[PDB]
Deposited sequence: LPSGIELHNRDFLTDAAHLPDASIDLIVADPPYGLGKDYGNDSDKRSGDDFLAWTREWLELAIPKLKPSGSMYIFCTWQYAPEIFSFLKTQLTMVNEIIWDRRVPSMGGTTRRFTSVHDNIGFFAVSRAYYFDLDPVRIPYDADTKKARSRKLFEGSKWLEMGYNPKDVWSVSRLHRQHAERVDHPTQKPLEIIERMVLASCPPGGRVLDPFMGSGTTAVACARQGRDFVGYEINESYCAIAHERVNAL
């Protein structure tokens, strides 16, 4: 395991104290959504119970942010207004990013529009948070270049280097047979996590994942060169995280 890469198979809430306050540049928080998934009982909480537990781990993770830190939190629309409304009292919301998973959730419903997107709250401790777009700009290919280029835009940073990813990221969910896929139920694309890691944490900086699971953020910090602290209570997920960071 590399320098700065820390994998703790420990309950984050008990072992948060073991992490120094104001010592993490970025928190990549993909916690249980409260959707009844089989991880333990972590995602088997619903309603005000789940909201209370969410707040409980958030008040432990927030103080560990440096004055320049930022945070991305994954959630479902079913709870996003409340969790975001709470986090707006503690930090400032810089963005709401929509992961358009392209592939919709199945079930067989016809009484509503099917879920295709996940909500991501992008918060910051202060207005002097760190944000660097250049590493995450998306380049135009030759054809997309020739289409967007005009003598009003020639030389513009968005044209030559790349455009802003925007607050909706259209990336397909990892198929079970995808090369990236491992033995985790709710994996996250490396594209997404890597974008966030590059855009809000200095090189060699510290990224905390209170609910790390497969080490997706761990892999994202291994490459791109950033320090990482992870917390996953499931032994098998920590194993797969190790294998994922020990193959780069």
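If you line the structure up with the deposited chain, just one stretch is without a C-alpha atom: 40.
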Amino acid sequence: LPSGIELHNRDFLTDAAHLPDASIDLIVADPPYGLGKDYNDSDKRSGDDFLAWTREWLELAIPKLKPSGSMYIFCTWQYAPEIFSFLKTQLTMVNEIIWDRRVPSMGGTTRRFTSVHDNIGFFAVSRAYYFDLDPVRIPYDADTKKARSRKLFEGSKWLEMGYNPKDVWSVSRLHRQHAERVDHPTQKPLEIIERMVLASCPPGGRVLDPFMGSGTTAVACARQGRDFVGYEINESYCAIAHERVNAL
From here on, numbers count along this sequence of modelled residues.
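Higher mean CA B-factor, judged across 41-49 and 187-195 from the recorded values: 41-49. Between 117-125 and 142-150, the higher mean Cα B-factor belongs to 142-150. For the set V28, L60, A222, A179, the maximum C-alpha B-factor listed in the entry falls on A222. Placement of the Cα temperature factor of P104 within the chain: lowest third of the modelled residues, per the deposited record. Annotation for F74: C-alpha temperature factor in the lowest third relative to the rest of the modelled chain, per the entry. In the deposited entry, the Cα temperature factor of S156 sits in the top third of values across the chain's modelled residues. Among the modelled residues of the chain, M212 sits in the highest third by CA temperature factor in this PDB entry. Annotation for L65: CA B-factor lies in the highest third of the chain's modelled residues.
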